[PDB]
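Reading through the C-alpha cells given below for one structure.
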Amino acid sequence: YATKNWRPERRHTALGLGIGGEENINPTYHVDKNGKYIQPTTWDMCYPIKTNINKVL
Amino acid sequence: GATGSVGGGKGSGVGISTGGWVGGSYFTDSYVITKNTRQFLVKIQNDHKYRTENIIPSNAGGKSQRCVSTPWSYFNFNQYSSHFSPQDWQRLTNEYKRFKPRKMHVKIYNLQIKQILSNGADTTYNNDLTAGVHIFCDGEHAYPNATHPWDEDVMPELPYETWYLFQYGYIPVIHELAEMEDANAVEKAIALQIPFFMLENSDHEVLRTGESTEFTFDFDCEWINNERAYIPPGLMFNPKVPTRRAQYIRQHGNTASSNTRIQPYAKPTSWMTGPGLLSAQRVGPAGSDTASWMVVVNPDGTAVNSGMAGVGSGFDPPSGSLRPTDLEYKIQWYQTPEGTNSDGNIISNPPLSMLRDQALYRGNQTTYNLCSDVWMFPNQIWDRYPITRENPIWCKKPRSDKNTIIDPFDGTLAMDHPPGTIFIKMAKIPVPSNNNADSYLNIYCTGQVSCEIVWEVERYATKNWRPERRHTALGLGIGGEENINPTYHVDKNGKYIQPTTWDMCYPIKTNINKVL
Amino acid sequence: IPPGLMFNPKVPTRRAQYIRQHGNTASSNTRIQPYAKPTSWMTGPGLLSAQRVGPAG
C-alpha cells in the first residue's frame, strides 16, 4: 500500500493478545508446560483484515 | 589405507556404507589437521512436543529459569580435548607460538534407525529401513543457540566412547518477569512479546540409512597466542642508563619536600595494568545463582527485592588479567560429570607469564593499597587467559549495537557467527490409536559423525640462548584402581585416568618466551 | 533476553564454584547449577551516582 494519510494507522500488535495456560503465564500462540498451544480467545487476536489500512473512497 | 581397495559399489543402498572411520592428526608448519569420528546415539526427546516449563531449583530459595524444551537434539563440538589427543595437544603447545581454527568439515553418515520392541523384561531391536532422521544446521543463527561454553555432553574426548546428544532448549523470558506478580502492565507487555521458535519453521534434510550429509565452515578467527612474557612491560629499560625525568615529592610531616632525578632503576612506565574487578564477593547458598558480580536487566516494575542473586546471570571470572585474590575468582571445572565436592576439580593457576597476574596499588602517601577495580583505561596491556585442552574453543558473540574490546575471560574466541549448530531429530512416526491420542513408534538413531578441523599454526624462532619450559609427561600423575596407571591412560576397569591438576592439562602461555 | 541468559537450563555445566566460609555458612566447592550458568558478557557503561545541583536557572 501507499497512502497520502498524514496520521498513523491501526496495525495488529502482540500487545492485543492475551495470557493463558496452565500457570496462566503463557501468551497466545505459545505452548504451556504440558505442550498445549494457547489459542486466541477473541476475534481481534485472530488478526482480521479490513482493519489496518485506510483507503480513500 | 595403504594400497587398500574397497569393493563396495558406487551405488547407494541398505548394504553399502556411506563412509568410513577417520581419525588422527597431521602436523605441518603452516597448519594442523585433526580428524575425529564418533558413534552417536539420538533418541526421542520431550515426547515429540514443545513444552515451556520452569526449571525446578534446589533446596535453596527458588531461583528458576523458564525454558522451551524441544524434541530436537544437537551436536556440540566446542572444546579442545575433543579435537586433540593429549599427545597432539602437547605437540601443539610445545612447537607453535600461535594457532587458530581455519576450516571445519562435518559429516554425518552410516545411520541406523532401529525400532525398540518391548516384549517384556526382554528388549529387542529391529531396523526400520524406511525411517528418516531430520538433520538441520543453523548457520545464520536464526534460532536461539543450542550450545554454551563449558557445557557437558560435548563430543567425547576419547574416540571410542559413544556420544549421546542432549535435548535442545532455550530461555524465552527472564523468569522473574514471567512470574507476573499481581497485575503489572510492563510485565504484561514483556509476556506478550515472548518469542517462540520451532525448528520445523525451516527446511531440513531427511536421511534414510543409505544417505549421508556433509557440512563445511570457514573460521575467520583471531590467533590464540602460545607465547609468554618473561618481564612486565614496565621493566623494559636499562637500569644503568640515567634518565632525564625528574620527580617531586610532596613534603610529609617528617619528610621534607624534594625535587630530584628519577633513579635509573626506578624508570617510570607508560603502560597500565589490564582491567579487572576484584572487589565483590560471592553471596548466598550454592543452590542459588551466586557470583560476586551480577549482571542484571530490569526493564521496569520491581523494587529489586528479589534477592537478585537469581535475577541476574552473574559474571565470573571477574578478575581478567588481575591476580585473583581468592579461589572464588578462579575458573575451576570438573573433569567428569561425576565430579563433586572438590574431587575431580581442576583449579586454574598462574601461567607465570608477566602479562597475566597484575595489580594496581594506590599510594596513600604512607604505604600502597591494592585498588580492587581496574576499569578499562588507555595504554592497558595484558594477555588473554591461558587455555588448556579442556577449554571451549569459541563463544557466540551476542548481536548488539555497541560493544567494547572482546576478550572473554574464560579464553574462548567470541565471534558473530561461530560454526552453526547441527540439529538432529528422528522422524516423528505416528501409530494408529483407536482411542483419540498421540502414540508414536519407539525408535532411536545411531550413526557416525566425523569432524575435521584445519588449524592454522605458526612455529616460533627465538634468539634466547637458554632452554625453555616445555610440557612433559613427567609432570603427569599416577592414578587408577591399582594406582599404577598414568594420566591419560586406562585402568583395568577401562576407566580413563584424568589430569588431577591444572598443569597436567597443559595450558598455553607457559612454554614459549617472547621479547616484549 | 539478556546476553547472560543465552544457554540451556537443563544442560549441566563443567564449571565449579567455590563459596568462602561465612560465619553460619561453611566453605564449599560445588558444581554450578545448570540454570545459574555464568556469563562472559558485562553490563554496558553508565554513571548513576551524581545528583543535580542548584536552581533551575
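Please note that chains go A, B, ... in the order of the C-alpha cells, that every chain numbers its residues from 1, and that ligands are numbered from 1 in the order shown.
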Output as CSV one row per residue of chain A within 8 Å of chain B: the closest atom pair and its distance in Å to one decimal place, counting only C-alpha atoms, sorted by chain and residue number ascending.
```
residue,atom,partner,partner_atom,distance
A:14,CA,B:192,CA,5.8
A:15,CA,B:192,CA,5.9
A:17,CA,B:192,CA,6.5
A:18,CA,B:192,CA,7.2
A:19,CA,B:192,CA,7.3
A:25,CA,B:178,CA,6.3
A:26,CA,B:191,CA,7.3
A:27,CA,B:192,CA,5.4
A:28,CA,B:192,CA,7.5
A:30,CA,B:196,CA,6.4
A:31,CA,B:51,CA,6.0
A:32,CA,B:52,CA,5.1
A:33,CA,B:53,CA,4.6
A:34,CA,B:51,CA,6.0
A:35,CA,B:51,CA,4.4
A:36,CA,B:51,CA,7.8
```
Using only C-alpha atoms and a cut-off of 9 Å, which residues of chain C sit close to chain B? Please list them as number ranges by chain. C: 1-20, 25, 28-44
Residues just named, written with N, CA, C and O atoms as a short mmCIF file (atom, residue, chain, number, x, y, z; two decimals), in the first residue's frame:
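Listing of out-v2.cif after writing:
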```
data_model
loop_
_atom_site.label_atom_id
_atom_site.label_comp_id
_atom_site.auth_asym_id
_atom_site.auth_seq_id
_atom_site.Cartn_x
_atom_site.Cartn_y
_atom_site.Cartn_z
N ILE C 1 16.00 -11.34 25.38
CA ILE C 1 16.71 -11.81 26.56
C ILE C 1 18.04 -11.08 26.66
O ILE C 1 18.54 -10.53 25.68
N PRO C 2 18.61 -11.04 27.86
CA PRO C 2 19.96 -10.52 28.01
C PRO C 2 20.97 -11.48 27.43
O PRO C 2 20.68 -12.68 27.27
N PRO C 3 22.16 -11.01 27.09
CA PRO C 3 23.21 -11.95 26.67
C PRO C 3 23.63 -12.90 27.79
O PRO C 3 24.32 -13.89 27.52
N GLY C 4 23.25 -12.61 29.03
CA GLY C 4 23.58 -13.50 30.12
C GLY C 4 22.67 -14.71 30.20
O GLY C 4 23.00 -15.69 30.87
N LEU C 5 21.52 -14.66 29.55
CA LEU C 5 20.54 -15.74 29.60
C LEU C 5 20.60 -16.70 28.42
O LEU C 5 19.73 -17.57 28.33
N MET C 6 21.56 -16.59 27.52
CA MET C 6 21.55 -17.47 26.36
C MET C 6 22.37 -18.73 26.67
O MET C 6 23.59 -18.79 26.52
N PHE C 7 21.63 -19.76 27.05
CA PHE C 7 22.13 -21.09 27.37
C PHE C 7 20.91 -21.98 27.59
O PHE C 7 19.77 -21.54 27.48
N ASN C 8 21.17 -23.23 27.93
CA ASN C 8 20.10 -24.19 28.15
C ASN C 8 20.05 -24.56 29.63
O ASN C 8 21.04 -25.09 30.15
N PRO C 9 18.95 -24.29 30.33
CA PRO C 9 18.93 -24.54 31.77
C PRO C 9 18.95 -26.01 32.15
O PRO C 9 19.14 -26.33 33.32
N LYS C 10 18.68 -26.91 31.21
CA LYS C 10 18.71 -28.33 31.55
C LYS C 10 20.05 -28.97 31.28
O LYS C 10 20.28 -30.11 31.69
N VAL C 11 20.94 -28.28 30.59
CA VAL C 11 22.26 -28.86 30.29
C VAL C 11 23.19 -28.60 31.47
O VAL C 11 23.35 -27.44 31.88
N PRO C 12 23.80 -29.62 32.05
CA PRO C 12 24.77 -29.39 33.12
C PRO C 12 26.03 -28.73 32.58
O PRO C 12 26.33 -28.75 31.39
N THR C 13 26.77 -28.12 33.50
CA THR C 13 27.98 -27.39 33.16
C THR C 13 29.18 -28.08 33.80
O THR C 13 29.05 -28.77 34.81
N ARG C 14 30.35 -27.89 33.19
CA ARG C 14 31.58 -28.44 33.74
C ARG C 14 32.11 -27.55 34.86
O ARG C 14 32.79 -28.03 35.76
N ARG C 15 31.76 -26.27 34.82
CA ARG C 15 32.32 -25.28 35.73
C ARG C 15 31.95 -25.57 37.18
O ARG C 15 30.86 -26.05 37.48
N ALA C 16 32.87 -25.26 38.07
CA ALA C 16 32.66 -25.37 39.50
C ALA C 16 32.82 -24.00 40.14
O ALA C 16 33.49 -23.12 39.60
N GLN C 17 32.19 -23.83 41.29
CA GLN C 17 32.33 -22.61 42.05
C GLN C 17 32.75 -22.94 43.47
O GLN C 17 32.50 -24.03 43.98
N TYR C 18 33.41 -21.98 44.10
CA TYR C 18 33.85 -22.09 45.48
C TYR C 18 33.17 -21.00 46.29
O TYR C 18 33.22 -19.83 45.90
N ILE C 19 32.55 -21.37 47.39
CA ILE C 19 31.94 -20.41 48.30
C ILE C 19 32.84 -20.29 49.52
O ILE C 19 33.10 -21.29 50.21
N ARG C 20 33.33 -19.08 49.78
CA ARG C 20 34.06 -18.82 51.01
C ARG C 20 33.16 -19.08 52.21
O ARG C 20 31.94 -18.90 52.16
N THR C 25 27.71 -20.20 57.50
CA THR C 25 27.72 -21.00 56.28
C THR C 25 29.13 -21.50 56.03
O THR C 25 30.06 -20.69 55.93
N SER C 28 32.49 -24.31 50.86
CA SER C 28 32.02 -25.38 49.99
C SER C 28 32.52 -25.16 48.57
O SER C 28 32.70 -24.02 48.12
N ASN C 29 32.73 -26.26 47.86
CA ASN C 29 33.17 -26.25 46.47
C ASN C 29 32.23 -27.16 45.70
O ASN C 29 32.18 -28.36 45.98
N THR C 30 31.49 -26.60 44.75
CA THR C 30 30.39 -27.32 44.16
C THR C 30 30.28 -27.00 42.68
O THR C 30 30.86 -26.03 42.19
N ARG C 31 29.52 -27.82 41.97
CA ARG C 31 29.28 -27.60 40.56
C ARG C 31 28.23 -26.52 40.38
O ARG C 31 27.26 -26.43 41.14
N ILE C 32 28.43 -25.67 39.38
CA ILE C 32 27.49 -24.59 39.11
C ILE C 32 26.18 -25.18 38.60
O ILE C 32 26.16 -26.15 37.84
N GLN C 33 25.07 -24.59 39.03
CA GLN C 33 23.76 -25.09 38.66
C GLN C 33 23.48 -24.84 37.18
O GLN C 33 23.94 -23.85 36.61
N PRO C 34 22.73 -25.73 36.54
CA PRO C 34 22.53 -25.60 35.09
C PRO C 34 21.74 -24.36 34.71
O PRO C 34 21.81 -23.90 33.57
N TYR C 35 20.96 -23.82 35.64
CA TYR C 35 20.23 -22.58 35.43
C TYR C 35 21.02 -21.36 35.88
O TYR C 35 20.59 -20.23 35.60
N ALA C 36 22.12 -21.55 36.58
CA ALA C 36 22.94 -20.49 37.15
C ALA C 36 24.15 -20.17 36.28
O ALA C 36 25.07 -19.49 36.73
N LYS C 37 24.19 -20.71 35.06
CA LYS C 37 25.42 -20.67 34.28
C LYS C 37 26.00 -19.26 34.18
O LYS C 37 25.26 -18.30 33.98
N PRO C 38 27.31 -19.12 34.33
CA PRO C 38 27.91 -17.78 34.33
C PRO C 38 28.05 -17.21 32.93
O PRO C 38 28.13 -17.93 31.94
N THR C 39 28.10 -15.89 32.87
CA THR C 39 28.19 -15.18 31.61
C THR C 39 29.55 -14.51 31.48
O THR C 39 30.20 -14.17 32.47
N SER C 40 29.99 -14.37 30.24
CA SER C 40 31.19 -13.63 29.91
C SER C 40 30.91 -12.21 29.48
O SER C 40 31.83 -11.51 29.05
N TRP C 41 29.66 -11.76 29.55
CA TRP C 41 29.28 -10.51 28.93
C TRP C 41 28.81 -9.52 29.97
O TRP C 41 27.88 -9.79 30.73
N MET C 42 29.50 -8.39 30.03
CA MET C 42 29.41 -7.34 31.02
C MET C 42 28.28 -6.36 30.72
O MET C 42 27.87 -6.17 29.57
N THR C 43 27.78 -5.72 31.77
CA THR C 43 26.88 -4.58 31.67
C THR C 43 27.57 -3.41 30.98
O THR C 43 28.73 -3.11 31.25
N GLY C 44 26.83 -2.72 30.11
CA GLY C 44 27.32 -1.53 29.47
C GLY C 44 27.64 -0.42 30.46
O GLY C 44 27.26 -0.47 31.63
#
```
Do you know which residues are at most 9 Å from residue 372 of chain B counting only C-alpha atoms, after dropping those on the same chain fewer than 6 positions away, and could you put them as a ChimeraX atom specification? /B:276-280,322,359-361
Report as number ranges by chain all protein, DNA and RNA residues lying within 7 Å of segment 3-13 of chain A, evaluated on only C-alpha atoms, omitting residues in the same chain fewer than 2 positions from it. A: 1, 15-16, 47, 52-53
Just to be explicit: take each residue in the selection above, keep N, CA and C atoms, and write the result as an mmCIF file, in the first residue's frame.
```
data_model
loop_
_atom_site.group_PDB
_atom_site.id
_atom_site.type_symbol
_atom_site.label_atom_id
_atom_site.label_comp_id
_atom_site.auth_asym_id
_atom_site.auth_seq_id
_atom_site.Cartn_x
_atom_site.Cartn_y
_atom_site.Cartn_z
ATOM 1 N N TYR A 1 0.833 -1.188 0.000
ATOM 2 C CA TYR A 1 0.000 0.000 0.000
ATOM 3 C C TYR A 1 0.873 1.245 0.000
ATOM 4 N N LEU A 15 0.497 -6.841 21.492
ATOM 5 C CA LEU A 15 0.003 -6.311 22.753
ATOM 6 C C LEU A 15 -1.509 -6.413 22.852
ATOM 7 N N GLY A 16 -2.176 -6.791 21.762
ATOM 8 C CA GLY A 16 -3.599 -7.065 21.844
ATOM 9 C C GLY A 16 -3.893 -8.501 22.230
ATOM 10 N N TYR A 47 -6.480 -11.485 14.223
ATOM 11 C CA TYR A 47 -5.996 -10.534 13.229
ATOM 12 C C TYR A 47 -6.809 -10.535 11.942
ATOM 13 N N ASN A 52 -6.589 -2.474 9.324
ATOM 14 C CA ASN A 52 -5.405 -1.644 9.475
ATOM 15 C C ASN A 52 -5.332 -0.526 8.437
ATOM 16 N N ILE A 53 -5.511 -0.848 7.162
ATOM 17 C CA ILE A 53 -5.049 0.010 6.072
ATOM 18 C C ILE A 53 -6.220 0.829 5.546
#
```
For segment 198-212 of chain B, find every residue with an atom within 8 Å (counting only C-alpha atoms), except residues of its own chain fewer than 6 positions away, and show them as a count of residues only. 27
Show which residues sit within 12 Å of residue 252 of chain B, as a list in words. Count only C-alpha atoms, and ignore same-chain residues fewer than 3 positions away.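 After dropping sequence-adjacent residues, the list is residues 249, 255, 256, 257, 258, 364, 365 and 366 of chain B.
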Grab the residues selected above and save them as a PDB file, in the first residue's frame with N, CA and C atoms.
```pdb
ATOM      1  N   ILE B 249      58.607  15.139  45.304  1.00  0.00           N
ATOM      2  CA  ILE B 249      57.987  14.513  46.460  1.00  0.00           C
ATOM      3  C   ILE B 249      57.380  15.611  47.315  1.00  0.00           C
ATOM      4  N   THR B 255      59.175  14.148  56.511  1.00  0.00           N
ATOM      5  CA  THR B 255      59.954  14.099  55.281  1.00  0.00           C
ATOM      6  C   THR B 255      59.741  15.399  54.520  1.00  0.00           C
ATOM      7  N   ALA B 256      60.834  16.103  54.240  1.00  0.00           N
ATOM      8  CA  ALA B 256      60.750  17.406  53.599  1.00  0.00           C
ATOM      9  C   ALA B 256      60.410  17.276  52.119  1.00  0.00           C
ATOM     10  N   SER B 257      59.908  18.372  51.555  1.00  0.00           N
ATOM     11  CA  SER B 257      59.663  18.439  50.121  1.00  0.00           C
ATOM     12  C   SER B 257      60.980  18.386  49.358  1.00  0.00           C
ATOM     13  N   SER B 258      60.984  17.656  48.246  1.00  0.00           N
ATOM     14  CA  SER B 258      62.204  17.464  47.477  1.00  0.00           C
ATOM     15  C   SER B 258      61.867  17.283  46.005  1.00  0.00           C
ATOM     16  N   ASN B 364      48.776   6.042  49.246  1.00  0.00           N
ATOM     17  CA  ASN B 364      48.095   6.894  50.213  1.00  0.00           C
ATOM     18  C   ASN B 364      49.060   7.854  50.903  1.00  0.00           C
ATOM     19  N   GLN B 365      50.294   7.943  50.391  1.00  0.00           N
ATOM     20  CA  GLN B 365      51.443   8.713  50.885  1.00  0.00           C
ATOM     21  C   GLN B 365      51.951   8.222  52.237  1.00  0.00           C
ATOM     22  N   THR B 366      51.657   6.972  52.589  1.00  0.00           N
ATOM     23  CA  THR B 366      52.414   6.245  53.603  1.00  0.00           C
ATOM     24  C   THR B 366      52.795   4.874  53.045  1.00  0.00           C
TER      25      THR B 366
END
```
Report as JSON, numbers by chain: the residues of chain A with a DSSP assignment of helix (DSSP H, G or I), based on the backbone of this structure. {"A": [14, 15, 16, 44, 45, 46]}
With N, CA, C and O atoms retained, export the selected residues as a tab-separated table (two decimals), in the first residue's frame.
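Written output follows (part_10.tsv):
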```
chain	number	residue	atom	x	y	z
A	14	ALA	N	1.22	-7.62	19.01
A	14	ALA	CA	1.18	-8.67	20.02
A	14	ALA	C	0.59	-8.16	21.33
A	14	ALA	O	0.22	-8.95	22.19
A	15	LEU	N	0.50	-6.84	21.49
A	15	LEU	CA	0.00	-6.31	22.75
A	15	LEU	C	-1.51	-6.41	22.85
A	15	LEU	O	-2.08	-6.16	23.92
A	16	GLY	N	-2.18	-6.79	21.76
A	16	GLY	CA	-3.60	-7.07	21.84
A	16	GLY	C	-3.89	-8.50	22.23
A	16	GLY	O	-5.04	-8.86	22.48
A	44	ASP	N	-10.23	-10.34	17.68
A	44	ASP	CA	-9.13	-9.45	17.33
A	44	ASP	C	-7.79	-10.17	17.41
A	44	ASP	O	-6.88	-9.88	16.64
A	45	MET	N	-7.66	-11.11	18.35
A	45	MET	CA	-6.41	-11.86	18.46
A	45	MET	C	-6.14	-12.71	17.23
A	45	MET	O	-5.01	-13.15	17.04
A	46	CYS	N	-7.14	-12.93	16.40
A	46	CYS	CA	-7.00	-13.67	15.17
A	46	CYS	C	-6.59	-12.79	14.00
A	46	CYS	O	-6.38	-13.30	12.90
```
Interatomic distance, atom CA of residue 22 of chain A to atom CA of residue 440 of chain B (Å, one decimal):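 Result for atom CA of residue 22 of chain A versus atom CA of residue 440 of chain B: 24.8 Å, one decimal.
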Would you please extract all strand (DSSP E or B) residues from chain A, as assigned by DSSP on the backbone, and give them as a list in words?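 After running DSSP on the backbone, chain A has strand (DSSP E or B) at residues 19, 20, 26, 27, 31 and 37 of chain A.
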Just-selected residues, N, CA, C and O atoms written as an mmCIF file, in the first residue's frame:
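Just written: out09.cif:
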```cif
data_model
loop_
_atom_site.group_PDB
_atom_site.id
_atom_site.type_symbol
_atom_site.label_atom_id
_atom_site.label_comp_id
_atom_site.auth_asym_id
_atom_site.auth_seq_id
_atom_site.Cartn_x
_atom_site.Cartn_y
_atom_site.Cartn_z
ATOM 1 N N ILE A 19 -3.073 -13.615 27.781
ATOM 2 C CA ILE A 19 -2.268 -14.589 28.501
ATOM 3 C C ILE A 19 -3.167 -15.751 28.891
ATOM 4 O O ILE A 19 -4.315 -15.545 29.297
ATOM 5 N N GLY A 20 -2.650 -16.968 28.758
ATOM 6 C CA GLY A 20 -3.368 -18.153 29.183
ATOM 7 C C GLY A 20 -2.388 -19.266 29.449
ATOM 8 O O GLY A 20 -1.179 -19.102 29.283
ATOM 9 N N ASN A 26 1.455 -17.822 30.073
ATOM 10 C CA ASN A 26 1.845 -18.062 28.694
ATOM 11 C C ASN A 26 1.034 -17.208 27.736
ATOM 12 O O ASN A 26 -0.198 -17.184 27.822
ATOM 13 N N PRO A 27 1.678 -16.507 26.818
ATOM 14 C CA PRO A 27 0.946 -15.692 25.849
ATOM 15 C C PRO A 27 0.284 -16.537 24.767
ATOM 16 O O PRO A 27 0.576 -17.715 24.579
ATOM 17 N N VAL A 31 3.207 -22.231 23.706
ATOM 18 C CA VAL A 31 2.909 -23.517 24.327
ATOM 19 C C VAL A 31 3.110 -23.407 25.831
ATOM 20 O O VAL A 31 3.934 -22.616 26.298
ATOM 21 N N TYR A 37 -0.969 -25.707 23.086
ATOM 22 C CA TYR A 37 -0.829 -24.473 22.337
ATOM 23 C C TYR A 37 -1.928 -23.515 22.762
ATOM 24 O O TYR A 37 -3.110 -23.866 22.728
#
```
Env of segment 457-465 of chain B: 7 Å cut, atoms = only C-alpha atoms, seq-sep filter 2 positions within chain, self excluded. Answer as a PyMOL selection string. chain B and resi 29-32+95-100+455+467
